[PDB]
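Accompanying notes for the structure given below.
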2 protein chains.
Amino acid sequence: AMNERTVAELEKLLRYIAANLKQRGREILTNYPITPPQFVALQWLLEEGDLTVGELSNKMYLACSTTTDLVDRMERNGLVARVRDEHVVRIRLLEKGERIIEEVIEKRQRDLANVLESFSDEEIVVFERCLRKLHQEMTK
Amino acid sequence: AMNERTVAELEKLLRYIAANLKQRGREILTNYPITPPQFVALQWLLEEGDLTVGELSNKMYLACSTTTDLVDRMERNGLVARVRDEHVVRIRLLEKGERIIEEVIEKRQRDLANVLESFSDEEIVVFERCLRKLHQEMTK
Ligand code: NA
Ligand code: NA
């Protein structure tokens, strides 16, 4: 009962929006000593706390081998440490890693504030409402 | 004059929406003999027509060397051909390439129609309006 002309428009929009956001993200990260998958990894640790490599890889949709090499690079560069339970080894965001990602996120926020400056108060509030519903339906 | 709590929410939403869309895209492409950057390349050719490697690489935000290796793989697998002017060499979508991407896009559309089935007629129309404004402000 869904309208295919509209769904086709929406699919294209979402795709070109995500492609543009990806590139803005890239451009922003040129001024930071991390790579895009390190950004993703670090942001997961910031948002979730200590994660095992298994937990991290499930969040990033990577194989364990891939996630371990990534964690290894970040640990080598002092962005994260490996920490075993006192009671299992988890990855913990170090201060150096946290400082960088907080800075990247703030720059991402400023960048978006510039894109959004032509939305009115009402369009921003509706827009957020739409995204919140989209995100919720997409994550089950 | 922008509200930082809201902009922070919106930045996070857009990021987690794009991360979820990327993975849906990945899952869909597991049933197709192309890779994610071949999807992007092919979709640009479908949407724009014949492109030089320079034009294609500017669209994908890649270096020329990277784009040439990609075009080389796709040409080898019969997805695209190189075609010089009669009057400069352009990449042209072959029928084999077009058939595949049209199929991936249709599956992307069906997937989205499922995510959107709980939006009402009115929320879909507003939602599209928001995305259209977002996309337009993001592309200047
Ligand atoms: Na960088
Ligand atoms: Na594939």
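Order of the sequence lines sets the chain letters (A, B, ...), proteins ahead of strands, with each chain counted from 1. In each ligand, atom 1 is the first atom listed, and ligand 1 is the first ligand listed.
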With a cut-off of 3.0 Å, which protein N/O/S atoms are close to the Na ion (ligand 2), if we only count those under it? B:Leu29 O, B:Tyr32 O, B:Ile34 O
Hey, is [X] close enough to [Y] for a salt bridge, meaning N to O under 4.0 Å?
| X | Y | value |
| --- | --- | --- |
| A:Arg99 | A:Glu95 | yes |
| A:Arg82 | A:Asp72 | yes |
| A:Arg132 | B:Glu9 | yes |

Checking the side chain of A:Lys96 only, and the main-chain atoms of A:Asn77 only, is there a donor and an acceptor separated by less than 3.5 Å?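 A pair under 3.5 Å: yes.
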Under 3.5 Å, is there a donor-acceptor pair between the side chain of B:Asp50 and the main chain of B:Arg90?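 No: the side chain of B:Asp50 does not pair with the backbone of B:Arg90.
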Counting only pairs under 3.5 Å, give me each side-chain donor-acceptor contact of residues 53-64 of chain A, with atom names and distances, residues two or more places apart or in other chains.
unit_1	atom_1	unit_2	atom_2	d
A:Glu55	OE1	A:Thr52	N	3.0
A:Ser57	OG	A:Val53	O	3.1
A:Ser57	OG	A:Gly54	O	3.0

